[PDB]
Amino acid sequence: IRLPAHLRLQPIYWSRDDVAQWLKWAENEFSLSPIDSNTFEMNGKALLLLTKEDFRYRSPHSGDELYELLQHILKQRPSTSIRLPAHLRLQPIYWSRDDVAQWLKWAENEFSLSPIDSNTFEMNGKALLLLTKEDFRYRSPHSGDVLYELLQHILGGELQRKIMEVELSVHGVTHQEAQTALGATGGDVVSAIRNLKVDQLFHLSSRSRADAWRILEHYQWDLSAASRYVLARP
């Protein structure tokens, strides 16, 4: 897989124009049927969000190859994140109709997409979570699949945000144990953290777990403070 000097940056940093150069490079390298340059009117960040089914739909003849070729480029050398603006930090479950519209305007420049008419999703965030991927495709044939997968990553980073708040709340907890503790509380970060702090303080005291629950509640969840009292008690 010998890519040209201008396509040797990681695909995540490809511009819209880079994507088009990569398509013309691929069709001549593998004798693929010619594809239209506008079939992937997006930058590298959006390209990496597409599924393999999205590639098949956009290109019925060379989509499969294109996707696998993209994966062979990703295996060559290695974290893309969604830099959400401050007004789009509320979870989509609480998005308004105007929040969805700003989300579309932000997405268009962030992924170098074709213009998305504001009227494409005349709805609040609560209705957006019920739309299927095919509804996204219908409403925006140029970018609907990107927009759907973008929404899924926003919904997934909230859970990972919660896992990190748990593990980094007390030392000694692995990333898996935090996710395990978070699922036991049904997603309650505050309860998962409280359970971890009670367990660590219970391990250091010869007293009951309920006694460890009240000491922490008094010390306002300062495990170090509550550990100092327990350690001094005989």
# chains A, B, ... in the order shown; residues from 1 in each chain; ligands from 1

call {"tool": "select_by_dssp", "arguments": {"residues": "region 4-234 of chain A", "states": "helix (DSSP H, G or I)", "output": "ChimeraX atom specification"}}
result
/A:5-7,11-13,16-29,37-40,44-47,52-58,63-76,86-88,92-94,97-110,118-121,125-128,133-139,144-167,175-184,189-204,209-218,223-232

call {"tool": "residues_around", "arguments": {"residues": "residue 125 (chain A)", "least_positions_apart": "6", "cutoff": "9 Å", "atoms": "only C-alpha atoms", "output": "JSON, numbers by chain"}}
result
{"A": [91, 92, 93, 94, 95, 96, 97, 99, 100]}

call {"tool": "closest_atom_pairs", "arguments": {"of": "region 5-106 of chain A", "to": "region 127-146 of chain A", "cutoff": "12 Å", "atoms": "only C-alpha atoms", "output": "JSON lines"}}
result
{"residue": "A:38", "atom": "CA", "partner": "A:142", "partner_atom": "CA", "distance": 8.8}
{"residue": "A:39", "atom": "CA", "partner": "A:142", "partner_atom": "CA", "distance": 8.0}
{"residue": "A:40", "atom": "CA", "partner": "A:142", "partner_atom": "CA", "distance": 8.1}
{"residue": "A:41", "atom": "CA", "partner": "A:142", "partner_atom": "CA", "distance": 7.3}
{"residue": "A:42", "atom": "CA", "partner": "A:143", "partner_atom": "CA", "distance": 8.2}
{"residue": "A:43", "atom": "CA", "partner": "A:146", "partner_atom": "CA", "distance": 10.8}
{"residue": "A:44", "atom": "CA", "partner": "A:146", "partner_atom": "CA", "distance": 11.5}
{"residue": "A:45", "atom": "CA", "partner": "A:146", "partner_atom": "CA", "distance": 9.8}
{"residue": "A:46", "atom": "CA", "partner": "A:146", "partner_atom": "CA", "distance": 6.2}
{"residue": "A:47", "atom": "CA", "partner": "A:146", "partner_atom": "CA", "distance": 8.0}
{"residue": "A:48", "atom": "CA", "partner": "A:146", "partner_atom": "CA", "distance": 9.3}
{"residue": "A:49", "atom": "CA", "partner": "A:146", "partner_atom": "CA", "distance": 6.4}
{"residue": "A:50", "atom": "CA", "partner": "A:146", "partner_atom": "CA", "distance": 6.2}
{"residue": "A:51", "atom": "CA", "partner": "A:145", "partner_atom": "CA", "distance": 8.6}
{"residue": "A:52", "atom": "CA", "partner": "A:145", "partner_atom": "CA", "distance": 11.2}
{"residue": "A:53", "atom": "CA", "partner": "A:145", "partner_atom": "CA", "distance": 9.9}
{"residue": "A:54", "atom": "CA", "partner": "A:145", "partner_atom": "CA", "distance": 6.9}
{"residue": "A:55", "atom": "CA", "partner": "A:145", "partner_atom": "CA", "distance": 10.0}
{"residue": "A:57", "atom": "CA", "partner": "A:145", "partner_atom": "CA", "distance": 10.1}
{"residue": "A:58", "atom": "CA", "partner": "A:142", "partner_atom": "CA", "distance": 9.3}
{"residue": "A:91", "atom": "CA", "partner": "A:129", "partner_atom": "CA", "distance": 11.1}
{"residue": "A:92", "atom": "CA", "partner": "A:129", "partner_atom": "CA", "distance": 7.9}
{"residue": "A:93", "atom": "CA", "partner": "A:129", "partner_atom": "CA", "distance": 7.5}
{"residue": "A:94", "atom": "CA", "partner": "A:127", "partner_atom": "CA", "distance": 10.4}
{"residue": "A:95", "atom": "CA", "partner": "A:128", "partner_atom": "CA", "distance": 9.2}
{"residue": "A:96", "atom": "CA", "partner": "A:127", "partner_atom": "CA", "distance": 9.9}
{"residue": "A:97", "atom": "CA", "partner": "A:127", "partner_atom": "CA", "distance": 9.7}
{"residue": "A:99", "atom": "CA", "partner": "A:128", "partner_atom": "CA", "distance": 11.5}
{"residue": "A:100", "atom": "CA", "partner": "A:128", "partner_atom": "CA", "distance": 8.6}
{"residue": "A:101", "atom": "CA", "partner": "A:128", "partner_atom": "CA", "distance": 11.7}
{"residue": "A:103", "atom": "CA", "partner": "A:128", "partner_atom": "CA", "distance": 11.8}
{"residue": "A:104", "atom": "CA", "partner": "A:143", "partner_atom": "CA", "distance": 10.2}

call {"tool": "closest_residue", "arguments": {"among": "A:19, A:6, A:159, A:65", "to": "residue 186 (chain A)", "atoms": "only C-alpha atoms"}}
result
A:159

call {"tool": "residues_around", "arguments": {"residues": "residue 98 (chain A)", "least_positions_apart": "5", "cutoff": "9 Å", "atoms": "only C-alpha atoms", "output": "PyMOL selection string"}}
result
chain A and resi 103+122-124

call {"tool": "residues_around", "arguments": {"residues": "region 74-86 of chain A", "least_positions_apart": "3", "cutoff": "9 Å", "atoms": "only C-alpha atoms", "output": "PyMOL selection string"}}
result
chain A and resi 10-12+45+69-71+89-90+103+106+150+153-154+157

call {"tool": "atom_distance", "arguments": {"atom1": "CA of residue 161 (chain A)", "atom2": "CA of residue 189 (chain A)"}}
result
10.0 Å

call {"tool": "residues_around", "arguments": {"residues": "residue 181 (chain A)", "least_positions_apart": "6", "cutoff": "10 Å", "atoms": "only C-alpha atoms", "output": "ChimeraX atom specification"}}
result
/A:163,166-167,173,175,187-189,191-193,195-196

call {"tool": "write_last_selection", "arguments": {"atoms": "N, CA, C and O atoms", "output": "compact mmCIF listing (two decimals), in the first residue's frame"}}
result
# COMPACT_ATOMS: atom_id res chain seq x y z
N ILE A 163 -17.94 7.04 33.02
CA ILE A 163 -17.00 6.03 33.50
C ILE A 163 -15.74 6.69 34.04
O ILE A 163 -15.17 6.27 35.05
N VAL A 166 -16.05 8.25 37.41
CA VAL A 166 -16.08 7.24 38.46
C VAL A 166 -14.66 6.79 38.80
O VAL A 166 -14.22 6.88 39.96
N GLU A 167 -13.92 6.31 37.80
CA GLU A 167 -12.60 5.76 38.07
C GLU A 167 -11.66 6.80 38.66
O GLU A 167 -10.90 6.51 39.59
N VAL A 173 -8.95 2.11 41.44
CA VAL A 173 -10.05 1.52 40.68
C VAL A 173 -9.65 1.45 39.21
O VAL A 173 -9.23 2.46 38.62
N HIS A 175 -10.35 0.85 35.08
CA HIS A 175 -11.38 1.38 34.19
C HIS A 175 -12.55 0.42 34.06
O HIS A 175 -13.71 0.85 33.97
N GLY A 187 -26.28 3.65 36.12
CA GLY A 187 -25.77 4.86 35.51
C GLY A 187 -25.58 6.03 36.46
O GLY A 187 -25.08 7.08 36.03
N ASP A 188 -25.94 5.88 37.73
CA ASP A 188 -25.76 6.96 38.70
C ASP A 188 -24.28 7.08 39.06
O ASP A 188 -23.74 6.21 39.74
N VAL A 189 -23.64 8.16 38.60
CA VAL A 189 -22.23 8.38 38.89
C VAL A 189 -22.03 8.64 40.38
O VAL A 189 -21.10 8.11 41.00
N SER A 191 -23.80 7.71 42.97
CA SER A 191 -23.97 6.51 43.79
C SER A 191 -22.82 5.53 43.59
O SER A 191 -22.36 4.90 44.55
N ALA A 192 -22.34 5.39 42.35
CA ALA A 192 -21.21 4.50 42.09
C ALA A 192 -19.97 4.97 42.83
O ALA A 192 -19.25 4.17 43.44
N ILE A 193 -19.69 6.28 42.78
CA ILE A 193 -18.55 6.83 43.50
C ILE A 193 -18.69 6.58 45.00
O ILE A 193 -17.77 6.10 45.66
N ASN A 195 -20.29 4.30 46.54
CA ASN A 195 -20.09 2.89 46.86
C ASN A 195 -18.61 2.53 46.89
O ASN A 195 -18.17 1.74 47.74
N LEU A 196 -17.83 3.09 45.96
CA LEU A 196 -16.40 2.79 45.93
C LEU A 196 -15.68 3.37 47.14
O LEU A 196 -14.80 2.72 47.72

call {"tool": "atom_distance", "arguments": {"atom1": "CA of residue 14 (chain A)", "atom2": "CA of residue 109 (chain A)"}}
result
14.0 Å
